[PDB]
>>> print(open('coords.json').read())   # JSON, N, CA and C atoms and all ligand atoms
[["chain", "number", "residue", "atom", "x", "y", "z"],
["A", 67, "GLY", "N", 182.58, 72.33, 80.12],
["A", 67, "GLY", "CA", 182.65, 73.76, 79.87],
["A", 67, "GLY", "C", 181.44, 74.28, 79.13],
["A", 68, "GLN", "N", 180.76, 73.39, 78.41],
["A", 68, "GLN", "CA", 179.58, 73.77, 77.65],
["A", 68, "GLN", "C", 178.42, 74.11, 78.58],
["A", 69, "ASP", "N", 177.83, 75.29, 78.38],
["A", 69, "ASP", "CA", 176.71, 75.74, 79.20],
["A", 69, "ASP", "C", 175.49, 74.86, 78.97],
["A", 70, "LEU", "N", 174.97, 74.28, 80.05],
["A", 70, "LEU", "CA", 173.80, 73.42, 79.97],
["A", 70, "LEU", "C", 172.59, 74.19, 79.43],
["A", 71, "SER", "N", 171.42, 73.57, 79.50],
["A", 71, "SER", "CA", 170.19, 74.19, 79.02],
["A", 71, "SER", "C", 169.31, 74.61, 80.19],
["A", 72, "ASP", "N", 168.67, 75.77, 80.05],
["A", 72, "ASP", "CA", 167.80, 76.29, 81.10],
["A", 72, "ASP", "C", 167.05, 75.16, 81.80],
["A", 73, "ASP", "N", 166.75, 75.35, 83.08],
["A", 73, "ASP", "CA", 166.04, 74.35, 83.86],
["A", 73, "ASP", "C", 164.87, 73.78, 83.07],
["A", 74, "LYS", "N", 164.39, 74.54, 82.10],
["A", 74, "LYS", "CA", 163.27, 74.11, 81.27],
["A", 74, "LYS", "C", 163.75, 73.22, 80.13],
["A", 75, "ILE", "N", 165.00, 72.78, 80.21],
["A", 75, "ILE", "CA", 165.57, 71.92, 79.19],
["A", 75, "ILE", "C", 164.66, 70.73, 78.89],
["A", 76, "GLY", "N", 164.07, 70.17, 79.94],
["A", 76, "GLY", "CA", 163.18, 69.04, 79.78],
["A", 76, "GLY", "C", 161.97, 69.37, 78.93],
["A", 77, "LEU", "N", 161.29, 70.46, 79.28],
["A", 77, "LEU", "CA", 160.10, 70.88, 78.54],
["A", 77, "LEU", "C", 160.43, 71.14, 77.08],
["A", 78, "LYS", "N", 161.54, 71.82, 76.83],
["A", 78, "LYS", "CA", 161.97, 72.12, 75.47],
["A", 78, "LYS", "C", 162.25, 70.84, 74.69],
["A", 79, "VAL", "N", 162.90, 69.89, 75.34],
["A", 79, "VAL", "CA", 163.23, 68.61, 74.70],
["A", 79, "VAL", "C", 161.96, 67.88, 74.28],
["A", 80, "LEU", "N", 161.06, 67.66, 75.23],
["A", 80, "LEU", "CA", 159.81, 66.97, 74.95],
["A", 80, "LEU", "C", 159.05, 67.64, 73.81],
["A", 81, "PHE", "N", 158.86, 68.95, 73.93],
["A", 81, "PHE", "CA", 158.15, 69.72, 72.91],
["A", 81, "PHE", "C", 158.75, 69.46, 71.52],
["A", 82, "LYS", "N", 160.05, 69.68, 71.39],
["A", 82, "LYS", "CA", 160.74, 69.47, 70.13],
["A", 82, "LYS", "C", 160.61, 68.02, 69.67],
["A", 83, "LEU", "N", 160.77, 67.09, 70.61],
["A", 83, "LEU", "CA", 160.66, 65.67, 70.31],
["A", 83, "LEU", "C", 159.32, 65.34, 69.66],
["A", 84, "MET", "N", 158.27, 65.99, 70.15],
["A", 84, "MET", "CA", 156.92, 65.77, 69.62],
["A", 84, "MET", "C", 156.78, 66.40, 68.24],
["A", 85, "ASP", "N", 157.75, 67.22, 67.86],
["A", 85, "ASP", "CA", 157.73, 67.89, 66.56],
["A", 85, "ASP", "C", 158.75, 67.26, 65.62],
["A", 86, "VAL", "N", 158.44, 66.07, 65.12],
["A", 86, "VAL", "CA", 159.33, 65.37, 64.20],
["A", 86, "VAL", "C", 159.57, 66.18, 62.93],
["A", 87, "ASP", "N", 158.70, 67.16, 62.70],
["A", 87, "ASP", "CA", 158.82, 68.01, 61.52],
["A", 87, "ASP", "C", 159.85, 69.11, 61.74],
["A", 88, "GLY", "N", 160.42, 69.15, 62.94],
["A", 88, "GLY", "CA", 161.42, 70.16, 63.26],
["A", 88, "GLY", "C", 160.99, 71.55, 62.83],
["A", 89, "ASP", "N", 159.75, 71.90, 63.13],
["A", 89, "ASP", "CA", 159.22, 73.21, 62.77],
["A", 89, "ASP", "C", 159.36, 74.19, 63.93],
["A", 90, "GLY", "N", 159.56, 73.65, 65.13],
["A", 90, "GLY", "CA", 159.71, 74.49, 66.30],
["A", 90, "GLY", "C", 158.37, 74.97, 66.85],
["A", 91, "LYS", "N", 157.30, 74.62, 66.16],
["A", 91, "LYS", "CA", 155.96, 75.01, 66.57],
["A", 91, "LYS", "C", 154.97, 73.86, 66.40],
["A", 92, "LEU", "N", 154.15, 73.63, 67.42],
["A", 92, "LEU", "CA", 153.16, 72.56, 67.39],
["A", 92, "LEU", "C", 151.79, 73.10, 66.98],
["A", 93, "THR", "N", 151.07, 72.31, 66.19],
["A", 93, "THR", "CA", 149.74, 72.71, 65.74],
["A", 93, "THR", "C", 148.66, 72.19, 66.68],
["A", 94, "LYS", "N", 147.50, 72.85, 66.66],
["A", 94, "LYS", "CA", 146.38, 72.46, 67.51],
["A", 94, "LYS", "C", 146.30, 70.94, 67.64],
["A", 95, "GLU", "N", 146.26, 70.26, 66.50],
["A", 95, "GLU", "CA", 146.18, 68.80, 66.48],
["A", 95, "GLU", "C", 147.29, 68.19, 67.33],
["A", 96, "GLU", "N", 148.51, 68.71, 67.17],
["A", 96, "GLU", "CA", 149.65, 68.21, 67.92],
["A", 96, "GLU", "C", 149.45, 68.41, 69.42],
["A", 97, "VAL", "N", 149.02, 69.61, 69.80],
["A", 97, "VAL", "CA", 148.79, 69.93, 71.20],
["A", 97, "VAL", "C", 147.81, 68.94, 71.84],
["A", 98, "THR", "N", 146.87, 68.45, 71.04],
["A", 98, "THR", "CA", 145.88, 67.50, 71.52],
["A", 98, "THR", "C", 146.49, 66.12, 71.73],
["A", 99, "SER", "N", 147.41, 65.74, 70.84],
["A", 99, "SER", "CA", 148.07, 64.45, 70.92],
["A", 99, "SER", "C", 149.02, 64.40, 72.11],
["A", 100, "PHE", "N", 149.72, 65.51, 72.34],
["A", 100, "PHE", "CA", 150.67, 65.59, 73.45],
["A", 100, "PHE", "C", 149.95, 65.57, 74.79],
["A", 101, "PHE", "N", 148.87, 66.34, 74.89],
["A", 101, "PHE", "CA", 148.09, 66.41, 76.12],
["A", 101, "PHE", "C", 147.22, 65.17, 76.28],
["A", 102, "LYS", "N", 146.89, 64.53, 75.16],
["A", 102, "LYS", "CA", 146.07, 63.33, 75.17],
["A", 102, "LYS", "C", 146.64, 62.29, 76.12],
["A", 103, "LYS", "N", 147.96, 62.32, 76.30],
["A", 103, "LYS", "CA", 148.64, 61.37, 77.18],
["A", 103, "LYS", "C", 148.05, 61.43, 78.58],
["A", 104, "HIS", "N", 147.53, 62.59, 78.96],
["A", 104, "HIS", "CA", 146.93, 62.77, 80.28],
["A", 104, "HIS", "C", 145.43, 62.51, 80.24],
["A", 105, "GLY", "N", 144.87, 62.48, 79.03],
["A", 105, "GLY", "CA", 143.45, 62.24, 78.88],
["A", 105, "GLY", "C", 142.62, 63.49, 79.07],
["A", 106, "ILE", "N", 143.29, 64.62, 79.26],
["A", 106, "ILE", "CA", 142.61, 65.89, 79.46],
["A", 106, "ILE", "C", 142.24, 66.53, 78.12],
["A", 107, "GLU", "N", 140.98, 66.93, 78.00],
["A", 107, "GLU", "CA", 140.50, 67.55, 76.77],
["A", 107, "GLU", "C", 140.51, 69.08, 76.89],
["A", 108, "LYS", "N", 140.59, 69.56, 78.13],
["A", 108, "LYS", "CA", 140.61, 71.00, 78.38],
["A", 108, "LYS", "C", 141.73, 71.68, 77.60],
["A", 109, "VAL", "N", 142.77, 70.91, 77.28],
["A", 109, "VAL", "CA", 143.90, 71.43, 76.53],
["A", 109, "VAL", "C", 143.44, 72.14, 75.26],
["A", 110, "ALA", "N", 142.31, 71.70, 74.71],
["A", 110, "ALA", "CA", 141.76, 72.29, 73.50],
["A", 110, "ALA", "C", 141.30, 73.72, 73.75],
["A", 111, "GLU", "N", 140.60, 73.93, 74.86],
["A", 111, "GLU", "CA", 140.10, 75.25, 75.21],
["A", 111, "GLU", "C", 141.24, 76.16, 75.67],
["A", 112, "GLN", "N", 142.25, 75.57, 76.30],
["A", 112, "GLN", "CA", 143.40, 76.32, 76.79],
["A", 112, "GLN", "C", 144.27, 76.79, 75.63],
["A", 113, "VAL", "N", 144.52, 75.90, 74.68],
["A", 113, "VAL", "CA", 145.34, 76.22, 73.52],
["A", 113, "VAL", "C", 144.62, 77.20, 72.60],
["A", 114, "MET", "N", 143.30, 77.10, 72.56],
["A", 114, "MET", "CA", 142.49, 77.98, 71.72],
["A", 114, "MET", "C", 142.36, 79.36, 72.35],
["A", 115, "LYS", "N", 142.28, 79.40, 73.67],
["A", 115, "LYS", "CA", 142.15, 80.66, 74.39],
["A", 115, "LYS", "C", 143.52, 81.30, 74.62],
["A", 116, "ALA", "N", 144.57, 80.49, 74.56],
["A", 116, "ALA", "CA", 145.93, 80.98, 74.76],
["A", 116, "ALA", "C", 146.51, 81.51, 73.45],
["A", 117, "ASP", "N", 145.88, 81.15, 72.34],
["A", 117, "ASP", "CA", 146.34, 81.60, 71.03],
["A", 117, "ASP", "C", 145.83, 83.00, 70.72],
["A", 118, "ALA", "N", 146.54, 84.00, 71.24],
["A", 118, "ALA", "CA", 146.17, 85.40, 71.02],
["A", 118, "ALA", "C", 146.52, 85.85, 69.61],
["A", 119, "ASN", "N", 147.39, 85.09, 68.95],
["A", 119, "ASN", "CA", 147.82, 85.41, 67.60],
["A", 119, "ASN", "C", 147.05, 84.58, 66.57],
["A", 120, "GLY", "N", 146.18, 83.70, 67.06],
["A", 120, "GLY", "CA", 145.40, 82.85, 66.18],
["A", 120, "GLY", "C", 146.24, 82.20, 65.10],
["A", 121, "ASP", "N", 147.51, 81.96, 65.41],
["A", 121, "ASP", "CA", 148.42, 81.34, 64.45],
["A", 121, "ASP", "C", 148.06, 79.87, 64.23],
["A", 122, "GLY", "N", 147.34, 79.30, 65.19],
["A", 122, "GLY", "CA", 146.94, 77.91, 65.08],
["A", 122, "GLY", "C", 148.03, 76.96, 65.55],
["A", 123, "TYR", "N", 149.16, 77.52, 65.96],
["A", 123, "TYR", "CA", 150.28, 76.71, 66.43],
["A", 123, "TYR", "C", 151.06, 77.45, 67.52],
["A", 124, "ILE", "N", 151.77, 76.69, 68.35],
["A", 124, "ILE", "CA", 152.56, 77.27, 69.43],
["A", 124, "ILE", "C", 154.03, 76.87, 69.31],
["A", 125, "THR", "N", 154.91, 77.85, 69.42],
["A", 125, "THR", "CA", 156.35, 77.60, 69.33],
["A", 125, "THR", "C", 156.94, 77.28, 70.70],
["A", 126, "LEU", "N", 158.25, 77.09, 70.75],
["A", 126, "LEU", "CA", 158.94, 76.78, 72.00],
["A", 126, "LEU", "C", 158.56, 77.78, 73.09],
["A", 127, "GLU", "N", 158.50, 79.06, 72.72],
["A", 127, "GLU", "CA", 158.16, 80.11, 73.67],
["A", 127, "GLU", "C", 156.78, 79.86, 74.27],
["A", 128, "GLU", "N", 155.78, 79.71, 73.41],
["A", 128, "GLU", "CA", 154.41, 79.47, 73.86],
["A", 128, "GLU", "C", 154.34, 78.24, 74.76],
["A", 129, "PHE", "N", 154.98, 77.15, 74.32],
["A", 129, "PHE", "CA", 154.99, 75.91, 75.08],
["A", 129, "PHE", "C", 155.51, 76.15, 76.50],
["A", 130, "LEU", "N", 156.53, 76.99, 76.62],
["A", 130, "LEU", "CA", 157.12, 77.30, 77.91],
["A", 130, "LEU", "C", 156.21, 78.22, 78.72],
["A", 131, "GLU", "N", 155.29, 78.88, 78.03],
["A", 131, "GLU", "CA", 154.36, 79.79, 78.69],
["A", 131, "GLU", "C", 153.17, 79.03, 79.27],
["A", 132, "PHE", "N", 152.96, 77.81, 78.78],
["A", 132, "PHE", "CA", 151.87, 76.97, 79.25],
["A", 132, "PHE", "C", 152.39, 75.81, 80.10],
["A", 133, "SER", "N", 152.88, 76.14, 81.29],
["A", 133, "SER", "CA", 153.41, 75.13, 82.19],
["A", 133, "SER", "C", 153.41, 75.63, 83.63],
["A", 134, "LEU", "N", 152.33, 75.35, 84.35],
["A", 134, "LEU", "CA", 152.20, 75.78, 85.74],
["A", 134, "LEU", "C", 150.83, 75.40, 86.30],
["B", 201, "CA", "CA", 155.20, 70.17, 65.10],
["B", 202, "CA", "CA", 149.75, 81.03, 68.99]]
>>> encode(input="coords.json", output="structure tokens")
Amino acid sequence: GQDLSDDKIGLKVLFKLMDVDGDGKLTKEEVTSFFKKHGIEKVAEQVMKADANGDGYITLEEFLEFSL
């Protein structure tokens, strides 16, 4: 009876999992470690150019915005 999690349940899980600090937001450094798994460095320019708020970190929302 419990409503499952949006099809993006996987993305949300991984993101949160990478955030052992349970802050709900990943920092530039974190974004590099997560993407590092692919060996892609472009993630740095993408996360820096995607940060319109210059907060230096991305929350669940942002993480879901960077997937395509
Ligand atoms: Ca984090
Ligand atoms: Ca941001």
>>> residues_near_ligand(input="coords.json", ligand="ligand CA 201 (chain B)", cutoff="5 Å", atoms="all atoms listed in the file", output="list in words")
residues 85, 91, 92 and 93 of chain A
>>> residues_near_ligand(input="coords.json", ligand="ligand CA 202 (chain B)", cutoff="6.5 Å", atoms="only N, CA and C atoms and all ligand atoms", output="list in words")
residues 116, 117, 118, 119, 120, 121, 122, 123, 124 and 125 of chain A
>>> atom_distance(input="coords.json", atom1="atom CA of residue 105 of chain A", atom2="atom N of residue 77 of chain A")
19.6 Å
>>> atom_distance(input="coords.json", atom1="atom N of residue 86 of chain A", atom2="atom C of residue 103 of chain A")
17.6 Å
>>> select_by_dssp(input="coords.json", residues="chain A", states="strand (DSSP E or B)", output="list in words")
residues 91, 92, 93, 123, 124 and 125 of chain A
>>> atom_distance(input="coords.json", atom1="atom CA of residue 97 of chain A", atom2="atom CA of residue 78 of chain A")
14.0 Å
>>> decode(input="coords.json", residues="chain A", atoms="C-alpha atoms", output="PDB file, in the first residue's frame")
ATOM      1  CA  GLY A  67       0.000   0.000   0.000  1.00  0.00           C
ATOM      2  CA  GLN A  68       2.987   2.283   0.524  1.00  0.00           C
ATOM      3  CA  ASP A  69       3.588   4.537  -2.480  1.00  0.00           C
ATOM      4  CA  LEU A  70       6.934   3.708  -4.089  1.00  0.00           C
ATOM      5  CA  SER A  71       9.516   6.330  -5.054  1.00  0.00           C
ATOM      6  CA  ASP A  72       9.534   8.275  -8.322  1.00  0.00           C
ATOM      7  CA  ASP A  73      11.197   6.425 -11.200  1.00  0.00           C
ATOM      8  CA  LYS A  74      14.203   8.519 -10.176  1.00  0.00           C
ATOM      9  CA  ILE A  75      14.308   6.545  -6.927  1.00  0.00           C
ATOM     10  CA  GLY A  76      17.629   5.098  -8.043  1.00  0.00           C
ATOM     11  CA  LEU A  77      19.270   8.459  -8.701  1.00  0.00           C
ATOM     12  CA  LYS A  78      18.012   9.816  -5.377  1.00  0.00           C
ATOM     13  CA  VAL A  79      19.301   6.752  -3.529  1.00  0.00           C
ATOM     14  CA  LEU A  80      22.793   6.890  -5.029  1.00  0.00           C
ATOM     15  CA  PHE A  81      23.058  10.645  -4.480  1.00  0.00           C
ATOM     16  CA  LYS A  82      22.029  10.372  -0.827  1.00  0.00           C
ATOM     17  CA  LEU A  83      24.229   7.303  -0.365  1.00  0.00           C
ATOM     18  CA  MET A  84      27.222   9.356  -1.502  1.00  0.00           C
ATOM     19  CA  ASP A  85      26.270  11.892   1.170  1.00  0.00           C
ATOM     20  CA  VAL A  86      27.181  10.087   4.393  1.00  0.00           C
ATOM     21  CA  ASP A  87      26.820  13.494   6.043  1.00  0.00           C
ATOM     22  CA  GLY A  88      23.095  13.335   5.351  1.00  0.00           C
ATOM     23  CA  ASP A  89      23.150  16.968   4.248  1.00  0.00           C
ATOM     24  CA  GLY A  90      21.020  16.369   1.168  1.00  0.00           C
ATOM     25  CA  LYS A  91      23.508  18.378  -0.879  1.00  0.00           C
ATOM     26  CA  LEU A  92      26.823  17.365  -2.447  1.00  0.00           C
ATOM     27  CA  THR A  93      29.829  19.689  -2.605  1.00  0.00           C
ATOM     28  CA  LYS A  94      32.025  20.312  -5.647  1.00  0.00           C
ATOM     29  CA  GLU A  95      34.586  17.889  -4.218  1.00  0.00           C
ATOM     30  CA  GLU A  96      31.861  15.273  -3.775  1.00  0.00           C
ATOM     31  CA  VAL A  97      30.585  15.735  -7.330  1.00  0.00           C
ATOM     32  CA  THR A  98      34.118  14.991  -8.524  1.00  0.00           C
ATOM     33  CA  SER A  99      34.377  11.797  -6.474  1.00  0.00           C
ATOM     34  CA  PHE A 100      30.997  10.534  -7.678  1.00  0.00           C
ATOM     35  CA  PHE A 101      31.726  11.295 -11.333  1.00  0.00           C
ATOM     36  CA  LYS A 102      35.323  10.134 -10.907  1.00  0.00           C
ATOM     37  CA  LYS A 103      33.914   6.608 -11.138  1.00  0.00           C
ATOM     38  CA  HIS A 104      33.512   7.271 -14.864  1.00  0.00           C
ATOM     39  CA  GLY A 105      36.887   8.977 -15.154  1.00  0.00           C
ATOM     40  CA  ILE A 106      35.247  12.047 -16.668  1.00  0.00           C
ATOM     41  CA  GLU A 107      36.680  15.398 -15.581  1.00  0.00           C
ATOM     42  CA  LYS A 108      34.142  17.459 -17.526  1.00  0.00           C
ATOM     43  CA  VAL A 109      31.909  17.047 -14.474  1.00  0.00           C
ATOM     44  CA  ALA A 110      33.922  19.898 -12.965  1.00  0.00           C
ATOM     45  CA  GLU A 111      32.984  22.340 -15.727  1.00  0.00           C
ATOM     46  CA  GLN A 112      29.399  21.072 -15.772  1.00  0.00           C
ATOM     47  CA  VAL A 113      28.912  21.406 -12.015  1.00  0.00           C
ATOM     48  CA  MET A 114      30.597  24.815 -12.056  1.00  0.00           C
ATOM     49  CA  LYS A 115      28.532  26.054 -15.001  1.00  0.00           C
ATOM     50  CA  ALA A 116      25.365  24.447 -13.639  1.00  0.00           C
ATOM     51  CA  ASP A 117      25.771  26.234 -10.306  1.00  0.00           C
ATOM     52  CA  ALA A 118      23.707  29.345 -11.033  1.00  0.00           C
ATOM     53  CA  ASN A 119      23.428  29.967  -7.291  1.00  0.00           C
ATOM     54  CA  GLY A 120      27.158  29.583  -6.729  1.00  0.00           C
ATOM     55  CA  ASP A 121      26.222  27.690  -3.575  1.00  0.00           C
ATOM     56  CA  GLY A 122      29.153  25.369  -4.212  1.00  0.00           C
ATOM     57  CA  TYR A 123      26.900  22.366  -3.651  1.00  0.00           C
ATOM     58  CA  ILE A 124      23.977  20.590  -5.311  1.00  0.00           C
ATOM     59  CA  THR A 125      20.920  19.171  -3.548  1.00  0.00           C
ATOM     60  CA  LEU A 126      18.644  16.290  -4.540  1.00  0.00           C
ATOM     61  CA  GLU A 127      16.839  18.637  -6.928  1.00  0.00           C
ATOM     62  CA  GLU A 128      20.012  19.747  -8.708  1.00  0.00           C
ATOM     63  CA  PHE A 129      21.270  16.161  -8.891  1.00  0.00           C
ATOM     64  CA  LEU A 130      18.025  15.182 -10.619  1.00  0.00           C
ATOM     65  CA  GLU A 131      18.476  18.120 -12.991  1.00  0.00           C
ATOM     66  CA  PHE A 132      21.844  16.776 -14.141  1.00  0.00           C
ATOM     67  CA  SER A 133      20.876  13.434 -15.681  1.00  0.00           C
ATOM     68  CA  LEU A 134      20.408  13.099 -19.441  1.00  0.00           C
TER      69      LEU A 134
END
